[PDB]
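Notes for the one structure printed next.
Naming convention: chains lettered A, B, ... in sequence-line order (proteins, then strands); numbering from 1 in each chain. In what follows, every heavy atom counts, from backbone to side chain, and hydrogens, waters and symmetry copies are set aside.
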Number of protein chains: 2
Amino acid sequence: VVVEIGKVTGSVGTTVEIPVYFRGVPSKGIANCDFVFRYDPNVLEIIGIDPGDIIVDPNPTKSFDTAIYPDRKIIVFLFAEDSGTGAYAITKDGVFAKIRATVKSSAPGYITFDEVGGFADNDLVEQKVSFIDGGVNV
Amino acid sequence: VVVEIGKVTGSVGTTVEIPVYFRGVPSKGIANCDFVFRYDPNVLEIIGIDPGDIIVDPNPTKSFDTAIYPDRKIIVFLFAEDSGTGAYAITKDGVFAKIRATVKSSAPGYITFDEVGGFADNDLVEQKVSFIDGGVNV
């Protein structure tokens with residue numbers, strides 16, 4: 001399993017979307033996972049983070065949650081398959097989330113992997129994961 | 001509204017419980033809130049964090065969630081009233097959560113307030129909050 005933060009470009013004053021990709025998803029699927037990303041609030045102002053299309057839960061906001069802490073310079077991602085039967089597990093490669101941010105400076109806006117929490121398939125077995133960094137104008 | 005991390009004592013090798021108190025809860029209740037705490041993984045090893053009795057949701061784990069990041073030295077608390085009607089809102093003073101940790105050293109084990117996210121009543125109005133620090137053997 002590989003998690004990749006996309007690399008995009010944008011002008012000062014405009015709002016961009018940075019996608020987070022999941023690839024190499026196992027057959028059993030991913031029932032839950034959580035991780036933290038680091039960013040610079042002086043370059044990028046996070047307006048919101050939306051669930052990707054791989055989130056099969058009919059009401060994505062139930063299974064997907066995020067917390068943003070500017071002062072700490074971190075973003076927390078928490079995914080917990082809401083059905084409780086493994087029904088809403090992530091089973092296909094694609095877009096996991098979309099970060100919406102306003103570019104405040106032309107300085108590079110890095111979004112880097114900081115730390116992983118859990119990351120397990122439907123049988124609650126922990127998976128091997130690798131993260132690739134990205135950001136805006138990098 | 002005041003959030004207080006309790007102060008407890010314990011011996012090296014034993015497991016303790018540090019309670020988190022909520023006081024001055026408004027009439028409308030608290031529908032959601034999130035915040036981060038800092039700790040030292042060399043002194044305290046967090047085994048788990050359980051929802052307090054003020055969490056009225058019949059299945060507390062639905063409305064209450066936490067993430068623990070040892071390397072980053074932080075604990076993230078996320079409360080989001082699960083009914084979606086304001087039914088499971090926190091409406092009375094009491095114990096919000098209980099941190100279970102194994103004491104690994106007799107050095108002071110501080111659990112300090114780091115940053116707040118949201119904190120609103122049932123009408124989605126943001127509340128004024130103050131945090132008091134605590135920990136083990138402090």
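- Between A/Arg100 and A/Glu17 there is no salt bridge, since none of the side-chain N atoms of the basic residue sits less than 4.0 Å from a carboxylate O of the acidic one.
- The pair B/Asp114-A/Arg72 meets the salt-bridge criterion, with a side-chain N (NZ, NE, NH1 or NH2) lying under 4.0 Å from an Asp/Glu carboxylate O.
- For the pair B/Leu44 and B/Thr102, the minimum side-chain heavy-atom distance is 4.5 Å or more.
- The residues B/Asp133 and B/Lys7 are annotated as not salt-bridged, no charged nitrogen and carboxylate oxygen being separated by less than 4.0 angstrom.
- In this structure, B/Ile54 CD1 and B/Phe22 CZ are separated by 6.0 Å, a value rounded to the nearest 0.5 Å.
- Between B/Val25 and B/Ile30, the closest side-chain pair of non-hydrogen atoms falls below 4.5 Å.
- Residue B/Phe77 is tested with B/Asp65, B/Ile49, B/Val36 for a side-chain contact (heavy atoms from CB on, under 4.5 Å); the sole match is B/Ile49.
- B/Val95 shares a hydrophobic cluster with B/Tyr21; the chain of contacts runs through ILVMFWY side chains whose heavy atoms sit under 4.5 Å apart.
- Scanning all heavy atoms of the two residues, the minimum distance from A/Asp121 to A/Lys28 falls at OD2-CD, 3.6 Å.
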key: Evaluation steps, side chain to side chain contact (heavy atoms under 4.5 Å, CB included), between B/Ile99 and B/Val20   = CA-CA 8 Å; B/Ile99 310 171; B/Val20 184; 4.3 Å; yes
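- Taken together through direct or relayed side-chain contacts under 4.5 Å among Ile, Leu, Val, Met, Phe, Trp and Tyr, A/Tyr110 and A/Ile18 form parts of separate hydrophobic clusters.
- Here ring pair (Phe, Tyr, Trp, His ring centres under 6.0 Å) pairs that include residues 42-68 of chain A, with residues two or more places apart or in two chains, are A/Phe64-A/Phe96.
- Within the model, atoms CZ of A/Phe37 and OG1 of A/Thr112 stand 8.5 Å from one another, a figure rounded to the nearest 0.5 Å.
- Taking hydrophobic clusters as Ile, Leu, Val, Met, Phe, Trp and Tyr residues chained together by side-chain heavy-atom distances below 4.5 Å, A/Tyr69 does not share a cluster with B/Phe79.
- Between the CG atom in A/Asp34 and the CD1 atom in B/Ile68 there is a gap of 9.5 Å [rounded to 0.5 Å].
- B/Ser83 meets the side-chain hydrogen bond (donor to acceptor under 3.5 Å, both in side chains) test with B/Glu81, B/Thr85; sequence neighbours excluded.
- Annotation: side chain of B/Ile74 is in contact with side chain of A/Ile74 (closest heavy-atom distance under 4.5 Å).
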